[PDB]
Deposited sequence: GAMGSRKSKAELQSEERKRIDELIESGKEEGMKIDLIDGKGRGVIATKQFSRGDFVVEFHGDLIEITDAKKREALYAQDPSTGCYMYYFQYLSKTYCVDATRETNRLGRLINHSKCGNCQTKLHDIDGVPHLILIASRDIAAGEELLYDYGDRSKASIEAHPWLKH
C-alpha cells in the first residue's frame, strides 16, 4: 500500500469508530490521588484509536459563559480550528469514557484533531503500546502558572 492508501484506510477506521461511538478495551477504576480514571482491559498498539473526547462541541462565546457558571469538575477541551477557538465540553455526566481519562505529560495517548467533512473531533491515539491494566493518560496541556500553583499534578 502507498502512504495515501494507508492514510485513507486509517481515516476510514477512525470515521467508523467516531460514528459507532464504540469504546471497547477500557473500563473505569478509582486511581489513588486522581478520582476516577480509565484503564486498558486489552493491549492497545502504538497508533491505535483509543477513544473520542466526546461532549458538546461549542464556540468561544458559549464556552466562556459555561465556564463562568461552572466556576462541577473540569471537563472542557479547548482547541483551534479554522482560525477560531472551539471547545469540547464534556461536563455533563454520560457513559462516554474519554472525559474520565486523567493527565500526564508522559502519558500513553496523544490527542489529535480529526476533521470529518467540516466537523472537528478530538480523538486519542495510543502513543505507544499500552499494557492491559494500565491507566490511560494524556497531556491536558495547561502549563499556566495559575493552574499549576493550584493543581501541581499538571507538572508531571
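Comparing the deposited sequence with the modelled residues, the stretches lacking C-alpha coordinates are 1 to 6, 78 to 81.
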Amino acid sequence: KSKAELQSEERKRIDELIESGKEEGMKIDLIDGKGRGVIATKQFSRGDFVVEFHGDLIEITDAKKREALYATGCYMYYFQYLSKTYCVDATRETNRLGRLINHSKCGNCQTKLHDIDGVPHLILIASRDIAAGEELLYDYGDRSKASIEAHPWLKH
From here on, numbers count along this sequence of modelled residues.
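Remark: stretch with higher mean C-alpha B factor among 111 to 119 and 124 to 132 is 111 to 119.
Between 5 to 13 and 21 to 29, the higher mean Cα B-factor belongs to 5 to 13.
Going by the entry's values, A68 shows the largest Cα B-factor out of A68, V38, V88, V50. Per the PDB record, residue ranking by Cα B-factor puts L137 in the lowest third of the chain.
In the deposited entry, the Cα temperature factor of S45 places it in the lowest third of its chain's modelled residues. Ranked against the other modelled residues of its chain, the C-alpha B-factor of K64 as given in the entry falls in the highest third.
Ranked within its chain, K105 lands in the middle third, by CA B factor from the PDB record.
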